[PDB]
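A short write-up of the structure that comes next.
Residue numbers (my numbering): 492 to 1088.
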């Protein structure tokens, strides 16, 4: 007879019906990506449309209950994302236009081919095509062609479409009582009604511009080291004084710098750590790799994974008889059912991605006690943070020796950790400034901070200022650089690739403090210590029922998100580049331009 009892009863009819349909829908998607077939493609389409209709019905039904009368935080959290109108705020023409626009977004991206009209042989696909020539190239113009030419057509046919995209989504957000779409993407770190833990959306920029300011030193030395190394490859192209060419950063955009390591090794003569040589002679396979990662999780208290998981997940490619998209992803079908999509191969990386997904698996299986709407990451960067630390404990030599994969007489020296942390920072430290830039750019564009004529001049002006790379040749306003990314074209949030980074280091620091690890943090490990696993599981079962500041408190003890764990992690590395840069130029100047003639 009261609004709060009615809301709870509605939530029971919701969670008792929504899971039965989402289970069926996720089953259809899993079946389609297991059997790439025109029979399968319509199955997960109608499965998704059924759930899209059901959630729209529940969204228009749940708005009758006011949120100003509810006092239970769980019910308020459940109703908050459900009473959100979503795309229904717009007119029918606007809705159809936005769906068509989005359908065109990734259409141009995926079906965007590159070819040379004068060189028929200079034709190649994207994966394992276009990415390859950006991944293993030592030539300058061989990268210039595949870099400009990629956004020559794809980076142009998205400029006005993206202009329409931004103005439709601005009205998408504004009709939601939001300032801009950037303030809608900051909408899930938003917390209301919690005293001392209330998290305003605008505080994200305050946190981000602050936390980046202490990374900026270490990243400046890392950029200086890579530049001081790079004239070995391009002595006639790059000024050691100026910034870097963007086409020489490892791939199409520069997100990951991982493939830069092979030429910028700190110590080449040191035999790199390698177990790729060691499973092959040990007769290891996909089943054993997952069984072994299971012992890693069990050692810290994370329990034995379900029986049906093994009978229903796929680990090896099922040959040619059918096609299966096997990007690294872990699937939560719900209802206690969990299957993993992995093209497993005998290599550390595929072992490391197996562990990274294993983190997703046992994180996801914990909050089955949480309601359906709450069965999600505590925040958007919170899932690719929890499932990655456990990989960082799989690639440690102390772990590899504990399992016998590495040599029992394998020596680790002052030149070993430098190579290891350089490889990791070229993956984890180089990605942070570009995640920060991309989302800052999205925020200053959704705010309308920029007019059309400066929709790109500042972009290059700002990446010449934040990351420290210049353009070998300029672009005009007709171009559209950031849309070339998958997460920009397909309208995804990218800052989950910044926040996860500074979440996982806090997690690993807290856990190897709980394990009472004595030594540098990069050698920390979590295995064979139940006291850190039990600490992690207490947060892990929360899901989203509590806010992310309190989730950070539960493991680390701080509501804020900090850089201190990351700088402590790379302190052995940081001191090293302090020694290596006694003669190099720290800092950059934007006035330099390689085409400035």
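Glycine included, each C-beta is placed from N, C-alpha and C at the ideal position.
Residue 917 is a Cβ neighbour of residue 752, given a cutoff of 8 Å. If you look at residue 505, you'll find it in the alpha helix (DSSP H) that goes 494-525. When secondary structure is reduced to three states using DSSP, residue 696 falls in the helix class. When 925, 1029, 694, 692 are compared, the shortest CA-CA separation from residue 854 is found for 1029. As the crow flies, the alpha-carbon of residue 923 is around 23 Å from that of residue 623. Per DSSP, the unbroken alpha helix (DSSP H) holding residue 923 starts and ends at 922-937.
Boundaries of the alpha helix (DSSP H) around residue 977: 977-980. Taking all protein chains in view, the Cβ of residue 729 is crowded by 16 or more other Cβ atoms within 10 Å, so the residue is classified as buried. Each residue's CA atom was taken as its position, placing residue 672 and residue 580 some 14 Å apart. Listed in chain order, the non-local C-beta contacts of residue 1032 below 6 Å within the same chain comprise 857, 858, local neighbours out to five positions each way being set aside.
Nearest C-alpha to residue 617 among 865, 610, 638, 1010: 638. Excluding residues up to 5 positions away in sequence, 741, 742, 750 lie with their Cβ nearer than 8 Å to the Cβ of residue 626 in the same chain. The Cβ neighbour count for residue 718, taken over all protein chains shown within 10 Å, is at least 16; the residue is labelled buried. Judged by DSSP secondary structure, residue 599 falls outside any beta strand (DSSP E) and instead within the alpha helix (DSSP H) spanning 583-601. In the three-state reduction of the DSSP assignment, residue 1039 falls in the helix class, which pools H, G and I. Within its own chain, the residues whose Cβ lies closer than 7 Å to the Cβ of residue 987, once the five positions on either side in sequence are excluded, are 871, 872, 875, listed in chain order. The Cβ neighbour count for residue 555, taken over all protein chains shown within 10 Å, is under 16; the residue is labelled exposed.
The beta strand (DSSP E) runs lying completely inside the stretch 711-743 and spanning 3 residues or more number zero. Excluding its 5 nearest sequence neighbours in each direction, residue 954 has C-beta neighbours in its own chain below 7 Å: 928, 960, listed in chain order. Apart from the 5 residues on each side of it in sequence, residue 561 sits with its Cβ closer than 8 Å to the Cβ of 494, 495, 498, 567, 570 in its chain, given in chain order. Excluding its 5 nearest sequence neighbours in each direction, residue 819 has C-beta neighbours in its own chain below 6 Å: 844, listed in chain order.
Looking from the CA of residue 944, the closest CA among 984, 969, 762 belongs to 969. For residue 821, no alpha helix (DSSP H) segment is defined; the enclosing uninterrupted segment is the beta strand (DSSP E) at 820-825. Residue 958 sits in coil when the DSSP states are folded into three classes, being neither helix nor strand. The C-beta distance from residue 880 to residue 995 rounds to 5 Å, short enough to fall under 8 Å. Of 572, 1005, 829, 602, the smallest CA-CA separation from residue 865 is found for 572. When secondary structure is reduced to three states using DSSP, residue 1028 falls in the helix class.
Residue 831: member of the beta strand (DSSP E) spanning 828-832, first to last residue. Between residue 1054 and residue 1027, the C-beta gap is not smaller than 8 Å, which leaves the two residues out of contact.
The beta carbons of residue 887 and residue 1016 sit closer together than 8 Å. The residues 716, in chain order, have a CB closer than 7 Å to that of residue 1071 in the same chain once the five nearest residues on each side in sequence are set aside. The three-state secondary structure of residue 1058, taken from DSSP, is helix.
Shown here for residue 850: same chain residues with a beta carbon closer than 8 Å to its own, the five before and five after excluded, namely 877, 878, 879, 880, 881, 882 in chain order. The alpha-carbon of residue 948 is positioned some 46 Å away from that of residue 1004.
Residue 748 sits buried, since 16 or more C-beta atoms from the chains shown fall within 10 Å of its C-beta. Where residue 537 is concerned, the enclosing alpha helix (DSSP H) starts and stops at 529-553.
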